[PDB]
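A.B. asks: These protein sequences, in sequence, are chains M and F.
Under the deposited numbering, the final residue of the first sequence carries the number 233; numbering is consecutive throughout.
Under the deposited numbering, the final residue of the second sequence carries the number 141; numbering is consecutive throughout.
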Amino acid sequence: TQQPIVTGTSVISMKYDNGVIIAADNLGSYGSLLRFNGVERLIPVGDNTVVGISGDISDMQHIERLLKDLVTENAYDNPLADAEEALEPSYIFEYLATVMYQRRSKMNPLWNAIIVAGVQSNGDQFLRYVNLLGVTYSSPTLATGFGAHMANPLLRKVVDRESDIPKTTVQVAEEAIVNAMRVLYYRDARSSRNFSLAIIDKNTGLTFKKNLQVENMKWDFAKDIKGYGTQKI
Amino acid sequence: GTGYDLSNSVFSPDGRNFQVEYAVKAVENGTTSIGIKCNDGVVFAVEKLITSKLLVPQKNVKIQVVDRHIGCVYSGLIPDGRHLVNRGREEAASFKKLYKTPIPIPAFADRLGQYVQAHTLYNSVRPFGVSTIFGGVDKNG
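#1: By the DSSP assignment, the alpha helix (DSSP H) with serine 58 of chain M in it spans what residues?
#2: Is the beta carbon of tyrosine 22 of chain F within less than 7 angstroms of some heavy atom of the ligand ADP?
#3: Name the chain F residues that come within less than 8 angstroms of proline 140 of chain M, Cβ to Cβ?
#4: Rounding to the nearest angstrom, what Cα-Cα distance links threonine 31 of chain F and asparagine 48 of chain M in this structure?
#5: Across the segment 112 to 126 of chain M and the segment 68 to 79 of chain M, are there enough close Cβ pairs to call them in contact, namely three or more that are closer than 8 angstroms?
#6: Please work out which residues of its chain come closer than 6 angstroms, Cβ to Cβ, to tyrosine 74 of chain F, disregarding the five sequence neighbours upstream and downstream, and give them in chain order.
#7: Please confirm whether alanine 75 of chain M has its beta-carbon closer than 8 angstroms to some beta-carbon of chain F.
#8: Of all the options M/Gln2, M/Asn216, M/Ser10, M/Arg103, which has the alpha carbon lying nearest to the alpha carbon of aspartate 188 of chain M?
#9: What do you get for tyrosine 122 of chain F, buried or exposed, if any count of 16 or more other CB atoms within 10 angstroms of its CB means buried?
#10: Beta-carbon of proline 79 of chain M versus every beta-carbon of chain F: anything under 8 angstroms?
#11: Does DSSP put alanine 81 of chain M in a helix, in a strand, or in coil?
#12: Leaving out five residues on either side along the sequence, give the residues of the same chain with a beta carbon under 8 angstroms from the beta carbon of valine 65 of chain F.
#13: Beta-carbon of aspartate 82 of chain M versus every beta-carbon of chain F: anything under 8 angstroms?
#14: Smallest Cα separation from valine 130 of chain M: which of M/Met150, M/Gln102, M/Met107, M/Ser121?
#15: If you run the structure through DSSP and keep just helix, strand and coil, what is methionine 217 of chain M?
#16: With 8 angstroms set as the bound, which would you pick, yes or no: does the beta-carbon of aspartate 47 of chain M sit closer than that to a beta-carbon of chain F?
#17: Please state whether the Cβ-Cβ distance between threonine 169 of chain M and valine 159 of chain M is less than 8 angstroms.
#18: Let me know if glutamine 19 of chain F comes out buried or exposed under the rule of 16 or more other beta-carbons within 10 Å of its beta-carbon.
#19: Would you say the segment 81 to 97 of chain F touches the segment 45 to 56 of chain F, given that touching needs at least three Cβ pairs under 8 angstroms?
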């Protein structure tokens, strides 16, 4: 048993017709101190998988090293390590899920919430969640922390059920993700303006975008707000 | 007298360890393998005796990788080679876990050396029936 010290906030994701999108900001908070601004919380694994991690950053870095070891170990005595016997998103996840549940069962959790986004070899979209309790679930949209409360509602307006997936494009999906990151910057006190976004597409592969910023913000109405009830000037 | 070549850790009267010398015979009996150091890397090659048409070509791979930057090849008892490489991989992971950097080849060479030497120290184990050729690239060449 422990307590999280350096923390990452929301990770948000959704699937679209040809793949999956996943995003997370670049902040490592220390309580209410916005301590570290160059923290990458999206971990790519090979060319078909991105793991997004929120929660304790010391644990995130430990999980990061586990994933690098998985790639190394998979390539041992494996002539098809970059072909048929390369790591699938489903393998990455099931491994992580196993670890998360064993650690919670030892009363010593990895204090995180994890979203594994990717595309399987057959072309299928992979999107699944796991957290410090070892709880797992899949949904057309997934998000951690504040993203669950604020991003899912917006993302679910685009993909409300399974049948909305083939109708949704990369452009529409990405715009919806980017809008949600702006909303989280408005209302989450542990969020940063700077974020990373990753697209995994069954045709165009892994597209990793760094150093994105929330743009097109509405603030001008604030000038007209004075007082808290009766004050006029 | 005689009988000095029956146990592993035993010195003969001329200071030799006959069980290690007998292990060399197992290597000399094996397939030929080589290594070539070039001016920014290393190359490994091995002969794979095709016993029959039934052996699937290009499968049965003999050269093994350690970490992401080291290659190992060996001649003699193939299982002993695998055992050695498994140890090497455990050993390289440990080094990386603690020191972050990938294991330098000299450091890695001694890790295999100390392990193989350990199997000449006791009569409850037998020496390795392989000579292993290995290497790669690190911080300084």
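For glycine and all other residues, C-beta sits at the position ideal for the given N, C-alpha and C.
C.D. replies: The answer reads as follows:
#1: Position 58 of the first sequence holds residue 58 of chain M. It spans 57 to 75 - the alpha helix (DSSP H) in which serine 58 of chain M sits, taken as one unbroken run.
#2: Because no ligand of any kind appears in the structure shown, any question about the ligand ADP cannot be addressed here.
#3: Residue mapping note: residue 140 of chain M aligns to position 140 of the first sequence, counting from 1. Ordered by position in chain F, no residue passes the 8 angstroms Cβ test against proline 140 of chain M, which lies about 36 angstroms from the chain.
#4: Position 31 of the second sequence, counted from the first residue, corresponds to residue 31 of chain F. Position 48 of the first sequence, counted from the first residue, corresponds to residue 48 of chain M. Going from the Cα of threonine 31 of chain F to the Cα of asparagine 48 of chain M covers about 40 angstroms.
#5: no
#6: The sequence position of residue 74 of chain F within the second sequence is 74, counting from 1. Cβ within range, chain order: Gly81, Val130, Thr132.
#7: Mapped onto the first sequence, residue 75 of chain M falls at position 75. Yes, its Cβ sits closer than 8 angstroms to a Cβ of chain F.
#8: The count along the first sequence starts at 1 and reaches residue 188 of chain M at position 188. Minimum Cα distance to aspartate 188 of chain M is reached at M/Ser10.
#9: For this step, residue 122 of chain F is matched to residue 122 along the second sequence. Classification for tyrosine 122 of chain F: exposed.
#10: Residue mapping note: residue 79 of chain M aligns to position 79 of the first sequence, counting from 1. Cβ-Cβ to chain F under 8 angstroms: yes for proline 79 of chain M.
#11: Here residue 81 of chain M refers to the residue found at position 81 of the first sequence. It is coil, neither helix nor strand.
#12: Counted from its first residue, the second sequence places residue 65 of chain F at position 65. Counting only Cβ-Cβ distances below 8 angstroms, and skipping sequence neighbours, we find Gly71, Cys72.
#13: Locating residue 82 of chain M in the first sequence gives position 82, counting from the first residue. Taking Cβ atoms only, chain F never reaches closer than 8 angstroms to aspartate 82 of chain M, which makes this a no.
#14: What you label residue 130 of chain M is simply residue 130 of the first sequence in a count that begins at 1. The shortest C-alpha separation from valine 130 of chain M is found at M/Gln102.
#15: If you number the first sequence from 1, residue 217 of chain M lands on position 217. Note: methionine 217 of chain M maps to coil in three-state DSSP.
#16: Here residue 47 of chain M corresponds to residue number 47 of the first sequence, with the count starting at 1. Answer no: the Cβ-Cβ gap between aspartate 47 of chain M and chain F never drops below 8 angstroms.
#17: For the purposes of this step, residue 169 of chain M is identified with residue 169 of the first sequence, where counting begins at 1. For the purposes of this step, residue 159 of chain M is identified with residue 159 of the first sequence, where counting begins at 1. No, these two residues do not count as a Cβ contact at 8 angstroms.
#18: The residue given as residue 19 of chain F occupies position 19 in the second sequence. When all chains shown are included, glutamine 19 of chain F counts as buried.
#19: no
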